[PDB]
Amino acid sequence: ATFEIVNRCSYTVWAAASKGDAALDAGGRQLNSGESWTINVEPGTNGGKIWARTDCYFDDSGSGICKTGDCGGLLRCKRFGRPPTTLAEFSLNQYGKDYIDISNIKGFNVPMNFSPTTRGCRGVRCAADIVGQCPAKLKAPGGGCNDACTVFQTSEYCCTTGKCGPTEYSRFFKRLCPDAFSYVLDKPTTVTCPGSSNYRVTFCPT
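Residues numbered from 1 in each chain as written, not as in the entry; some residues may be left out. Heavy atoms only, no water.

Structure determination for this entry is recorded as X-ray crystallography, at 1.08 Å resolution.

K.L.:
Looking at this structure, I do not really get the pattern of salt bridges. What am I missing?
P.N.:
Any two side chains of opposite charge can pair, given that their charged atoms come close. One pass over the structure, following the stated rule, counts five salt bridges. The partner of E4 in a salt bridge is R200, and the shortest N-O contact between them spans 2.8 Å. With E4 in strand β1 (residues 2–7) and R200 in strand β13 (residues 199–203), this pair connects stretches of sequence that are 196 residues apart. For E4, a relative accessible area of 23% translates into the label partly exposed. Judged by its relative accessible area of 33%, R200 falls in the partly exposed class. For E89, the salt bridge goes to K49, with nearest N and O atoms at 2.8 Å. (Salt bridge = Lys/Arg side-chain N within 4 Å of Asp/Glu carboxyl O. Helix = DSSP H or I, 4+ residues; strand = E, 2+ residues; numbered from the N terminus. Buried < 20%, exposed > 50% of the residue type's maximum accessible area, 1.4 Å probe, protein only.)

K.L.:
Can you help me understand the nonpolar core in this one?
P.N.:
Most often, soluble globular proteins have nonpolar side chains that are buried together. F3, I50, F90, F114, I130 and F203 are the most contacted members of the largest nonpolar core, which totals 41 residues. In this structure, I50 is in contact with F3, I5, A16, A17, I39, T86, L87, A88, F90, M112, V201 and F203, ignoring residues within four places of it in sequence. Core analysis: the next-biggest nonpolar cluster, separate from the first, contains five residues, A16, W51, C77 and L87 among them. (Core = buried A, V, L, I, M, F, W, Y, C linked by side-chain atoms within 4.5 Å. Contact = heavy atoms within 4.5 Å.)

K.L.:
Please clarify how empty space enclosed by the protein should be interpreted in this entry.
P.N.:
A water-sized probe rolled over the atoms picks out the places where empty space is left. Counted under the stated rule, the structure contains one cavity of 30 Å³ or more. Estimates place the volume of the largest cavity at around 130 Å³. Along the walls of the largest cavity sit 15 residues, with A148, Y157, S170, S182 and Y183 positioned nearest its centre. When contributions to the lining of the largest cavity are tallied by element, the ones reaching two or more residues are α2 (148–152), α3 (155–158) and α4 (168–176). Top element by residues in the lining of the largest cavity is α4. It accounts for three residues. (1 Å grid on protein atoms, 1.4 Å probe; cavity = no way out; pocket = protein on both sides within 12 Å on 5 of 7 lines; lining within 4 Å. Points joined across faces, edges and corners; volume = space filled by probe spheres on them.)

K.L.:
I would appreciate a short explanation of the state of the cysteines in the present structure.
P.N.:
What is meant by a disulfide is a covalent connection between two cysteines, made through their sulfur atoms. Going through the model one piece at a time under the given rule, you end up with eight disulfides. Each sulfur in the disulfide pair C71 and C77 lies 2.0 Å from the other. Across the S-S bond of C71 and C77 the torsion is about -85°, and the bridge reads as left-handed. The class of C71 is buried, set by a relative accessible area of 2%. (Disulfide = S-S within 2.5 Å.)

K.L.:
What's the story with the UniProt feature "disulfide bond" in the protein chain in this structure? I'm lost.
P.N.:
With its sulfur atoms placed 2.1 Å apart, the pair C121 and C193 listed by UniProt as a disulfide is counted as bonded here, the threshold being 2.5 Å. Placement of the pair is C121 in the loop between β10 (112–116) and β11 (124–126) and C193 in strand β12 (residues 191–194), with a sequence separation of 72 residues. Owing to a relative accessible area of 1%, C193 belongs among the buried residues under this scheme. (UniProt positions renumbered as here; feature names shortened; annotations may be inferred.)

K.L.:
Explanation requested: the pairing of β13 in the structure shown.
P.N.:
Regular strands show a simple pattern: their side chains alternate between the two faces of the sheet. Counted residue by residue, β13 has four buried out of five residues, so it is predominantly covered. The sheet contact formed by β1 and β13 spans five bridges and is parallel. Bridge assignment links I5 to a residue of β13, and that residue is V201. (Pairing = 2+ DSSP bridges.)

K.L.:
I keep staring at the environment of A23 and nothing clicks. Help me out?
P.N.:
The residue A23 is located in strand β3 (residues 23–31) in this model. Residues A23 and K163 lie 140 residues apart in sequence; the distance between their C-alpha atoms is 32 Å. Once residues within four sequence positions are removed from consideration, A23 is found in contact with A17, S18, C77 and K78.

Structure (structure tokens):
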């Protein structure tokens, strides 16, 4: 499957793509404002994610740091990124269908649209100014808007027991972005697409 990752932000981002235990494609690339990077993701990939990283520095070997979404200091991510990270999430060719969503469960750094480029389903978007509107206690000093689990490490925010409800913090994310997951047990906003669809992830769509 192809995923075109487009940076419409006015700032550089370092795109990342992983399934948690491996890179997808090269795993990461710098995208200056306006740049696009097309990756190939193997059919059947379960639990893939794409995200933006901000304020990164990498040496010539591809090792360094980012302020949001850092994946173990690598340009080419093999693992998931450090919150806060707006997440484009997907599982492909799962009993003949693909499943896509956006999640704020690991916080929000950069606004995102995640849409099919092929027929048969709709896209999802979280493009409100979550960083600007972020509750004081969730603001990450390193940049972005943390989720409450990251900040407070409680069973309730982290849904550790598989019993949790919405919270004042999750409701903030949900108010700003109704079509993204705001906590683990949120009413799903996952879209079913034809198996083997192709996609575009756009940072700063609006």
